[PDB]
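Here's the structure, in structure tokens; my notes come after.
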Amino acid sequence: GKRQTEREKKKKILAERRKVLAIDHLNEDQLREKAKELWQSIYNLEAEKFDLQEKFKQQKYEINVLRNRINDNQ
Amino acid sequence: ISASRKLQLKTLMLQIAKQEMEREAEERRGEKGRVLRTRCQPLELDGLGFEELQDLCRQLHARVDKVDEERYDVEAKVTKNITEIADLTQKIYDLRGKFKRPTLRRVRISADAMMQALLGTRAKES
Amino acid sequence: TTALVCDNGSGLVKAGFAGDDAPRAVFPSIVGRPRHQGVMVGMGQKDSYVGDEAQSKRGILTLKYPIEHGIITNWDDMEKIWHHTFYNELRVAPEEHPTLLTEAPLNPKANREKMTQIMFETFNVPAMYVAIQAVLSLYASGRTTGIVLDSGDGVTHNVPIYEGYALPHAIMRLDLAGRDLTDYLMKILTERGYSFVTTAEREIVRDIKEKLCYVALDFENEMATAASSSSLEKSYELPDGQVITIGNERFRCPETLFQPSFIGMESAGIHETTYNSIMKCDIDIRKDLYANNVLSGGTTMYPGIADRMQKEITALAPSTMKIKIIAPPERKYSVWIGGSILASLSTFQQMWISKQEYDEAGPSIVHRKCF
Amino acid sequence: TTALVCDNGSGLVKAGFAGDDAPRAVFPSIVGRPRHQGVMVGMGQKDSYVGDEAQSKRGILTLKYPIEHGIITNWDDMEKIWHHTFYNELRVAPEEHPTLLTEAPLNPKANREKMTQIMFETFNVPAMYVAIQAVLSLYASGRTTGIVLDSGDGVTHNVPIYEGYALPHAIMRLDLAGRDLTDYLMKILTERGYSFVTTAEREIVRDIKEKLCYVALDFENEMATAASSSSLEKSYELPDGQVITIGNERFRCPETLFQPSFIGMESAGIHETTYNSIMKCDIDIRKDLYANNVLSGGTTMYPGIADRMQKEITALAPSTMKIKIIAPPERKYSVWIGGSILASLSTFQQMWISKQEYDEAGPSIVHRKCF
Amino acid sequence: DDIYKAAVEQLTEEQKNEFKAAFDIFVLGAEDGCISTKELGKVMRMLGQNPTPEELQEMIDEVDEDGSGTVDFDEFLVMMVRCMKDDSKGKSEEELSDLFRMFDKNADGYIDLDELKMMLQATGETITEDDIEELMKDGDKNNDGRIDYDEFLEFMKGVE
Amino acid sequence: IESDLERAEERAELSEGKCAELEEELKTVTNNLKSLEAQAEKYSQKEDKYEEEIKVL
Amino acid sequence: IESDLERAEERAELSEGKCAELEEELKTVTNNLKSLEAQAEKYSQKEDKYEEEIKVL
Ligand SMILES: Nc1ncnc2c1ncn2[C@@H]1O[C@H](COP(=O)(O)OP(=O)(O)O)[C@@H](O)[C@H]1O
Ligand SMILES: Nc1ncnc2c1ncn2[C@@H]1O[C@H](COP(=O)(O)OP(=O)(O)O)[C@@H](O)[C@H]1O
Ligand SMILES: [Ca+2]
Ligand SMILES: [Ca+2]
Ligand SMILES: [Ca+2]
Ligand SMILES: [Mg+2]
Ligand SMILES: [Mg+2]
């Protein structure tokens, strides 16, 4: 079931990228600690997102360059 | 300009291009840091009691899940681009490789190496 | 390290390191024991002279080729030939060099398996690979399509290839080759009075064939001309004097290629087995095969064969297709040049049959994925 | 942004940006894996050549259409075809372009739902819409009424429309089309000696059908004439020479359209299913449908069909009505031109199936209001 | 090799006199004065080895502006630097690709003439308009005026 | 000379292909002209018949 | 090879001449077809008017 694999893959994308959040047991002080950790995680995630966007842009640019080289050779 | 002179001309062209590439990368990193700082805004830590911190942590978890899914999407895009560029470079090799076999000769020794092997320790320049 | 591109062949062993233009050492593959008694003491007389040494002492030897028709009939002699090739003509121990043998199409399996077993047990090479003798000749031409007619000295085979995809159902292997032409020439020379019988004199007849014979553009006209004038009679000096004059034996010896009925063979000539090999291919790649017909092998070096073959195929083929016959000047070593090119490739570097693989599956590994 | 007007079809995929006159890239929809072994190393041999690339290497491939009769039988191959169409023939990423597929009438639901699911999950388009292949062909003619006979290569369907109100109870879908005519021509060519069997030679028979066949105005008279004179025998040169001469096979191949009993089908010809489709309509719109009969699709390009069909319908219809058959010269791309016109409309801009709507109702959204 | 060719083009006393001394020693059979094919082959053979003559002929005729079987000055240094491969083809394919993609300012995979000349002005090296036309023709393998990566690498061969 | 021959061959092939395409186009358009001329003749006859019908009625 | 190259180039020239002539023919026939299409449209209008008058009578 390749389609089953794709559907379970997208379900795992929606589920595993979700983490088990535990902040109600972390007391007000530990709640502040958890808020700081969550902010650090989300800021790092956004940095990774932007880096991936830029690398995708550059890879697309190199794809265009190589394809144009092919067209000139063909 | 002579042959060596025009070689140095194209070398300085490559040098100016390297300067441009380095400044492009530096400004890219600086402006992406600026954009992330506009996005990644630190929040105030003190003054909030338990419930507000819990709500903020729930919101942070939701944002983490969302941005993680988005990062997965962009990583898939990057993997697709890697596959496509690999195929294109392989087609480049197919178009102008394979049949580009050079004449591998084991009897054309290096001029210095050939002169040494035929004279001892005579050759030292090249 | 560098790879050893050996090429057993049948009649001339051609070897050399991968990446060069020409084989380093080319010498006949004959092993001849002495046959007389020998009276001088301490002369240092050996028991078997192999390679090019036995082409100089052939007056008192009984030369016998260890390879009859592609297949190997005398394994001890072949082992001796390989040992000589490695140690005296190249002077490189085989313990530190991969080898790339070559084999005719449609040969018995046992021959190939024994070859790999010898190379791995006796000489103890790091890794060896066996390749079909026609694909290499197609490499050397720098093409990627085309139907190659590799008329060696043992066996003539005709492998069509398109876009790199070989067509296994269209290989036409015929066992007429240079050796049968030598025997037929030796048999028709008797019509003038010259009798060559000894296995040493077969070499003299081979030299006559190489230096004098040529392929006639039109057979009947040449037969009529040689029977009236005398402009064809070329003379040749034997190894002792007594020059001989070859008349219409000049173009009758290599004519056997296009009419194998001369030596009693039933099959059709090399001009018609190529057309049959083409017609077995699919209907859409016949134009490309027509335009890229490749010649290789030693026996295709006769002066005037690239025109006779083109005329014959143009007669057989449809009138619209263009018939072109690629006949590079480096025909004799085409297979070995292609072998060098193939061994020098980076993509090919992981296809060798590594020794640990042979230890795990036995000699029958050659028929497996590592072809 | 601009919309992508793709049109899967069956036999030729036609695509291009909305708002132009002709499709940008038209190429056969075939995916052919190689079937032989392949001996050249590093030749860069792929595992599947799709589109127009596999019509040049068809000599060593096994071409297989992924769409049998309108319906799609091999979803992986269809996905490959779509990926090729988007990325290599148009070079526009689908993440930034709406798409407008086309589908034959009376097709299985699962086909349409799978099509929309693929377009939304794999290619991840912003919004896609599926339209019936006959309404577009009616758009391209600039009409608003008329009964359109869209005889494609997969399936022939006959959708009557009046004043913009389609009549769902009068659609007559018949599964005889260009492919069955190709098979029947390939089957009757054997009566002269020419045998085409391979799936690659089906393309050659298709070319013969396109270039030589024509529809006879009167069948019996043509059968009598071709059996006495020889003014019809037209010759054609195969891809390798050996010209062939087609006699009365010329007008017997496309005659199957008007007598489906030739290939064993029970139903009536395309000349009588149109009249039946008209007679199912109401009694007051039959004159307009008679006067605005529209032809479309590739298979209606036979020389002389717009007269045979008119003669047949005039024979069937009442003597007072005027029978007119609209046969624009741009018949082949009529569906795609209509698709471009429909996608370029402002009133249509809110009918697309937006992605958020699909996320809320699943692939079964296509059967809902957004048709 | 990249330094060898340039240095030997305007060489000082040392290695030019080494070449002259080699020429004077070669009088043990070769006395042509200007190195021809057969004298060169004889000199190479008398050294003690028999290399394949193809390398020698490509040294003596391919790179030359005459290719008549004789030996010129600059092409002798070309032969000397062609024994090995030290001139790295004008940098590496990765660096060249980066400089070309940033050079491709309109991002179309080709180098137009206008931005090419603007970048050439940015280079600031010694300017020879004749050399500029030479590079323009070197970038015309397909004769479009534009330089794609193929011809870019082609005329960058040996740029050190 | 071999390279020159290859160039000549490819130029001839392209020219022949264009010639074949033009032949097909001319064939199609001439057939259209013939059909339209037949239709025009029939239309003139029909017009005369219609005028006669108008008069008699 | 030289003789073959010369013959191929001559063939290419002949094919180019044929292509030019075919272009001329195609354009001429296209113009004629357009003229006859206009004529047929006039025929159609005449028939429409005659039919209407017949109905009235
Ligand atoms: N110049 C030549 N002219 C005619 N025949 C030749 C010539 N050179 C070799 N031959 C024939 O070809 C044979 C050598 O063929 P070769 O290609 O060495 O066979 P293999 O494929 O076993 O290497 C010799 O036996 C000889 O009969
Ligand atoms: N000029 C022509 N003459 C006769 N038949 C044609 C012609 N062009 C195409 N056909 C037939 O029509 C088919 C193409 O039909 P097409 O309209 O592309 O189908 P689809 O509706 O799937 O796009 C081809 O398979 C061919 O058999
Ligand atoms: Ca010179
Ligand atoms: Ca540019
Ligand atoms: Ca250029
Ligand atoms: Mg051989
Ligand atoms: Mg259609």
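Chains as they are written, first to last, in the numbering used here: chain A, 1200 to 1273; chain B, 113 to 238; chain C, 1151 to 1521; chain D, 1151 to 1521; chain E, 6 to 165; chain F, 15 to 71; chain G, 15 to 71.
For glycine and all other residues, C-beta sits at the position ideal for the given N, C-alpha and C.
Residue-chain proximity (residue i, chain B), Cβ-Cβ < 8 angstroms
{"i": "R1217/A", "result": "yes"}
{"i": "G1292/C", "result": "yes"}
{"i": "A127/E", "result": "yes"}
Start and end residues, alpha helix (DSSP H) containing residue i
{"i": "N1442/C", "result": "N1442/C -> no alpha helix (DSSP H), and no H or E assigned at all."}
{"i": "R1400/D", "result": "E1399 to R1402"}
{"i": "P58/E", "result": "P58 to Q62"}
{"i": "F157/E", "result": "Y154 to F160"}
{"i": "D1271/A", "result": "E1227 to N1272"}
Spatial neighbours of residue i in its chain, beta-carbon cut-off 6 angstroms, leaving aside the 5 residues before and after
{"i": "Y1289/D", "result": "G1488, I1491 and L1492"}
{"i": "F1270/C", "result": "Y1508"}
{"i": "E156/E", "result": "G144 and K146"}
Chain-ordered neighbours of residue i on chain B, where CB pairs are closer than 9 angstroms
{"i": "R1231/A", "result": "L157, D158, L160 and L165"}
{"i": "residue 1550/C", "result": "Lying outside 1151 to 1521, the shown extent of chain C, residue 1550/C is not represented and no answer is given."}
Test: residue i CB closer than 8 angstroms to a CB of chain E
{"i": "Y1260/A", "result": "yes"}
{"i": "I194/B", "result": "no"}
{"i": "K144/B", "result": "no"}
{"i": "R1202/A", "result": "no"}
{"i": "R1206/A", "result": "no"}
Exposure label - residue i; buried when at least 16 CB within 10 Å
{"i": "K118/B", "result": "buried"}
{"i": "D180/B", "result": "buried"}
{"i": "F1177/D", "result": "buried"}
{"i": "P1244/C", "result": "buried"}
{"i": "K63/F", "result": "exposed"}
{"i": "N1226/A", "result": "exposed"}
{"i": "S1291/D", "result": "buried"}
Proximal chain E residues relative to residue i, where beta-carbon distance stays under 7 angstroms
{"i": "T215/B", "result": "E59"}
{"i": "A223/B", "result": "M85 and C88"}
Chain A residues whose Cβ lies nearer than 7 angstroms to that of residue i
{"i": "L148/B", "result": "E1245, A1246 and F1249"}
Cut-off 7 angstroms between Cβ atoms - residues of its own chain near residue i, not counting five sequence neighbours on either side
{"i": "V48/E", "result": "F31 and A35"}
{"i": "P1173/D", "result": "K1164, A1165, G1166, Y1483 and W1486"}
Amino acids of chain A, ordered along the chain, whose beta-carbon sits closer than 9 angstroms to that of residue i
{"i": "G144/E", "result": "Within 9 angstroms Cβ-Cβ: nothing; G144/E doesn't reach chain A, min ~11 angstroms."}
Partners in chain D for residue i, counting only beta-carbon separations shorter than 7 angstroms
{"i": "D177/B", "result": "Those within 7 angstroms of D177/B in chain D number zero; the least Cβ separation is about 17 angstroms."}
Proximal residues of chain E, C-beta to C-beta of residue i below 9 angstroms
{"i": "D1271/A", "result": "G114, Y115, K146, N147, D149, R151, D153, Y154, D155 and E156"}
Residue-chain proximity (residue i, chain C), Cβ-Cβ < 8 angstroms
{"i": "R1400/D", "result": "no"}
Closer than 8 angstroms to chain F by CB, residue i
{"i": "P1453/D", "result": "yes"}
Start and end residues, beta strand (DSSP E) containing residue i
{"i": "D1333/C", "result": "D1333/C -> not in any beta strand (DSSP E); alpha helix (DSSP H) instead, spanning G1328 to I1338."}
{"i": "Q1392/D", "result": "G1391 to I1396"}
{"i": "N45/G", "result": "Premise fails: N45/G lies in the alpha helix (DSSP H), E16 to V70, not in any beta strand (DSSP E)."}
{"i": "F1177/D", "result": "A1175 to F1177"}
{"i": "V1163/D", "result": "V1163 to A1165"}
Minimum Cβ-Cβ distance from residue i to chain G less than 8 angstroms
{"i": "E66/F", "result": "no"}
{"i": "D62/F", "result": "no"}
Contact set for residue i: own chain, Cβ-Cβ below 8 angstroms, skip 5 residues either direction
{"i": "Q1195/D", "result": "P1184 and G1188"}
{"i": "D1202/D", "result": "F1177 and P1178"}
Residue-chain proximity (residue i, chain A), Cβ-Cβ < 8 angstroms
{"i": "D109/E", "result": "yes"}
Neighbouring residues, chain B, relative to residue i (Cβ below 7 angstroms)
{"i": "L104/E", "result": "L126, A129, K130 and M133"}
Chain-ordered chain F contacts of residue i [CB-CB under 8 angstroms]
{"i": "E55/G", "result": "Those do not exist, as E55/G stays about 11 angstroms from chain F at its closest Cβ, beyond 8 angstroms."}
Chain D within 8 angstroms of residue i, Cβ atoms only
{"i": "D1432/C", "result": "yes"}
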